[PDB]
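The structure under discussion appears below in the form of structure tokens.
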Amino acid sequence: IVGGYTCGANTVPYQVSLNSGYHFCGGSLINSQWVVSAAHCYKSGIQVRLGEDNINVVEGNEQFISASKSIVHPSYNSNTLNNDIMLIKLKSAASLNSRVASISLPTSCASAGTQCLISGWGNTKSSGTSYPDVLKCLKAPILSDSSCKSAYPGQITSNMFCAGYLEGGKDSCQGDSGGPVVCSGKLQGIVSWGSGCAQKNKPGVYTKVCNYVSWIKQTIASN
Ligand SMILES: NC1=NCc2ccccc21
Ligand SMILES: [Ca+2]
């Protein structure tokens, strides 16, 4: 997250870190046994880490649970990033509490202008690299479809939305992929892609979770 703020320990209780020896992506806990992330985060050997604040320190509220299975969306295209969503099942259910909690799926798609909370452990620099270790947060509005398409001609599908600031300075970044965009207490987006980080006229692009609620629910119900 570039241009954000330190969230505060365990203030984003649905935020998970995906670890394969190291943090490589975020995710969102949507029930005691399932995490939503980005399809481009897929790999084998995933451990889901819940209750994290500093991802390099065991502070006392963590739960580390290996994945039993991953399900990439059947229509994910890794070239276009269309349908950049996957589900990860935990081998055992997390113990839910005030610091490890699921985030509701949306009932409706959120509109341009709605404020959202974007969070992650990704790079905090638009030039160069620095990783923050504690969770960073950014409040940002959803942008209109027309301004998203104008920013990224030929690249925005009906399964994507932009959020952030056309002036730049505040955005998600590498290492935030797969993490949450929460608006009005519902998971509306997944951190997906952008051209650089926090650059002018290149806002962040997010998977449009409301298009996937039926797939998520049906997949969980049978897996
Ligand atoms: N918003 C983003 N700009 C670059 C990037 C990489 C990975 C995830 C999100 C972004
Ligand atoms: Ca920790």
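Chain identifiers are assigned as A, B, and so on, following the order in which chains appear in the structure tokens; residues are numbered from 1 within each chain, and ligands are numbered from 1 in order of appearance.
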(request) Fewer than 4 positions away in the same chain doesn't count, so skip those; otherwise give me all residues within 7 Å of residue 24 in chain A, counting only C-alpha atoms, as number ranges by chain. (result) A: 18-19, 175
(request) Compile the contact shell of range 83-96 of chain A as number ranges by chain: residues with an atom at most 7 Å away, counting only C-alpha atoms, same-chain residues fewer than 2 positions apart removed. (result) A: 32-40, 65-73, 75-77, 81, 100-101, 159, 192, 207
(request) Produce as a list in words the set of residues near ligand 1, where near means within 9 Å with only C-alpha atoms and all ligand atoms considered. (result)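 Answer in the requested format: residues 1, 122, 162, 163, 164, 171, 172, 173, 174, 175, 176, 177, 178, 179, 191, 192, 193, 194, 195, 196, 197, 198, 199, 202, 203, 204, 205 and 206 of chain A.
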Quick one: residues within 10 Å of ligand 2, with only C-alpha atoms and all ligand atoms, as a PDB file with N, CA, C and O atoms, in the first residue's frame?
```pdb
ATOM      1  N   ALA A   9      -2.918  -3.113  14.993  1.00  0.00           N
ATOM      2  CA  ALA A   9      -2.915  -4.567  15.095  1.00  0.00           C
ATOM      3  C   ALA A   9      -4.326  -5.130  15.197  1.00  0.00           C
ATOM      4  O   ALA A   9      -5.107  -4.756  16.079  1.00  0.00           O
ATOM      5  N   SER A  17      -2.692 -13.370   5.430  1.00  0.00           N
ATOM      6  CA  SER A  17      -1.444 -13.437   4.680  1.00  0.00           C
ATOM      7  C   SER A  17      -1.307 -14.863   4.159  1.00  0.00           C
ATOM      8  O   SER A  17      -1.469 -15.816   4.928  1.00  0.00           O
ATOM      9  N   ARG A  49      -2.294 -17.555   7.016  1.00  0.00           N
ATOM     10  CA  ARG A  49      -1.925 -16.967   8.296  1.00  0.00           C
ATOM     11  C   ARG A  49      -2.942 -15.902   8.667  1.00  0.00           C
ATOM     12  O   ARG A  49      -3.067 -14.868   7.996  1.00  0.00           O
ATOM     13  N   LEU A  50      -3.667 -16.172   9.745  1.00  0.00           N
ATOM     14  CA  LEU A  50      -4.740 -15.334  10.249  1.00  0.00           C
ATOM     15  C   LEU A  50      -4.300 -14.673  11.549  1.00  0.00           C
ATOM     16  O   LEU A  50      -3.434 -15.185  12.261  1.00  0.00           O
ATOM     17  N   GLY A  51      -4.921 -13.538  11.873  1.00  0.00           N
ATOM     18  CA  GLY A  51      -4.596 -12.852  13.108  1.00  0.00           C
ATOM     19  C   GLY A  51      -3.263 -12.142  13.109  1.00  0.00           C
ATOM     20  O   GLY A  51      -2.733 -11.821  14.178  1.00  0.00           O
ATOM     21  N   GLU A  52      -2.711 -11.872  11.931  1.00  0.00           N
ATOM     22  CA  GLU A  52      -1.395 -11.268  11.807  1.00  0.00           C
ATOM     23  C   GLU A  52      -1.435  -9.757  11.959  1.00  0.00           C
ATOM     24  O   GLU A  52      -2.348  -9.092  11.457  1.00  0.00           O
ATOM     25  N   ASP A  53      -0.408  -9.190  12.590  1.00  0.00           N
ATOM     26  CA  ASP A  53      -0.106  -7.780  12.343  1.00  0.00           C
ATOM     27  C   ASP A  53       1.308  -7.692  11.789  1.00  0.00           C
ATOM     28  O   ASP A  53       1.454  -7.548  10.574  1.00  0.00           O
ATOM     29  N   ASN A  54       2.358  -7.822  12.615  1.00  0.00           N
ATOM     30  CA  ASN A  54       3.677  -7.880  12.008  1.00  0.00           C
ATOM     31  C   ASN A  54       3.902  -9.301  11.497  1.00  0.00           C
ATOM     32  O   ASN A  54       3.961 -10.253  12.284  1.00  0.00           O
ATOM     33  N   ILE A  55       4.017  -9.459  10.178  1.00  0.00           N
ATOM     34  CA  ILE A  55       4.135 -10.795   9.603  1.00  0.00           C
ATOM     35  C   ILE A  55       5.489 -11.445   9.861  1.00  0.00           C
ATOM     36  O   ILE A  55       5.662 -12.633   9.553  1.00  0.00           O
ATOM     37  N   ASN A  56       6.442 -10.715  10.431  1.00  0.00           N
ATOM     38  CA  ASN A  56       7.727 -11.281  10.803  1.00  0.00           C
ATOM     39  C   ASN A  56       7.840 -11.625  12.282  1.00  0.00           C
ATOM     40  O   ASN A  56       8.893 -12.118  12.686  1.00  0.00           O
ATOM     41  N   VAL A  57       6.790 -11.413  13.083  1.00  0.00           N
ATOM     42  CA  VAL A  57       6.838 -11.633  14.529  1.00  0.00           C
ATOM     43  C   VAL A  57       5.593 -12.401  14.955  1.00  0.00           C
ATOM     44  O   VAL A  57       4.485 -12.071  14.530  1.00  0.00           O
ATOM     45  N   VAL A  58       5.755 -13.396  15.820  1.00  0.00           N
ATOM     46  CA  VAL A  58       4.618 -14.074  16.438  1.00  0.00           C
ATOM     47  C   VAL A  58       4.238 -13.261  17.670  1.00  0.00           C
ATOM     48  O   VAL A  58       4.969 -13.245  18.663  1.00  0.00           O
ATOM     49  N   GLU A  59       3.098 -12.582  17.611  1.00  0.00           N
ATOM     50  CA  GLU A  59       2.708 -11.669  18.673  1.00  0.00           C
ATOM     51  C   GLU A  59       1.663 -12.248  19.605  1.00  0.00           C
ATOM     52  O   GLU A  59       1.517 -11.748  20.727  1.00  0.00           O
ATOM     53  N   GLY A  60       0.938 -13.277  19.177  1.00  0.00           N
ATOM     54  CA  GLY A  60       0.063 -13.975  20.103  1.00  0.00           C
ATOM     55  C   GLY A  60      -1.360 -14.201  19.644  1.00  0.00           C
ATOM     56  O   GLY A  60      -2.096 -14.946  20.305  1.00  0.00           O
ATOM     57  N   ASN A  61      -1.802 -13.584  18.548  1.00  0.00           N
ATOM     58  CA  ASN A  61      -3.166 -13.765  18.065  1.00  0.00           C
ATOM     59  C   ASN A  61      -3.233 -14.521  16.747  1.00  0.00           C
ATOM     60  O   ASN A  61      -4.323 -14.645  16.166  1.00  0.00           O
ATOM     61  N   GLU A  62      -2.108 -15.054  16.286  1.00  0.00           N
ATOM     62  CA  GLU A  62      -2.061 -15.712  14.998  1.00  0.00           C
ATOM     63  C   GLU A  62      -2.661 -17.112  15.040  1.00  0.00           C
ATOM     64  O   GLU A  62      -2.625 -17.811  16.054  1.00  0.00           O
ATOM     65  N   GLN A  63      -3.178 -17.522  13.888  1.00  0.00           N
ATOM     66  CA  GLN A  63      -3.490 -18.912  13.588  1.00  0.00           C
ATOM     67  C   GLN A  63      -2.884 -19.226  12.233  1.00  0.00           C
ATOM     68  O   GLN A  63      -3.128 -18.505  11.265  1.00  0.00           O
ATOM     69  N   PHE A  64      -2.066 -20.268  12.173  1.00  0.00           N
ATOM     70  CA  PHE A  64      -1.407 -20.698  10.946  1.00  0.00           C
ATOM     71  C   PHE A  64      -2.036 -22.029  10.547  1.00  0.00           C
ATOM     72  O   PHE A  64      -1.947 -23.002  11.303  1.00  0.00           O
ATOM     73  N   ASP A 133       5.987  -4.720   6.852  1.00  0.00           N
ATOM     74  CA  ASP A 133       5.841  -5.762   7.868  1.00  0.00           C
ATOM     75  C   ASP A 133       4.562  -5.706   8.709  1.00  0.00           C
ATOM     76  O   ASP A 133       3.972  -6.756   8.953  1.00  0.00           O
ATOM     77  N   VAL A 134       4.117  -4.522   9.164  1.00  0.00           N
ATOM     78  CA  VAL A 134       2.799  -4.378   9.770  1.00  0.00           C
ATOM     79  C   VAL A 134       1.786  -4.023   8.690  1.00  0.00           C
ATOM     80  O   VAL A 134       2.125  -3.500   7.624  1.00  0.00           O
TER      81      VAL A 134
END
```
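Proximity of A:154, A:128, A:185, A:120 to residue 5 in chain A, computed with only C-alpha atoms, is greatest for A:120.
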(request) Would you please give, as a ChimeraX atom specification, all residues of range 42-190 of chain A that DSSP assigns to strand (DSSP E) based on the backbone? (result) /A:47-50,63-72,86-90,115-120,136-141,160-163,180-183,186-190
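Nearest to residue 186 in chain A of all the residues A:150, A:139, A:104, A:121 is A:104, counting only C-alpha atoms.
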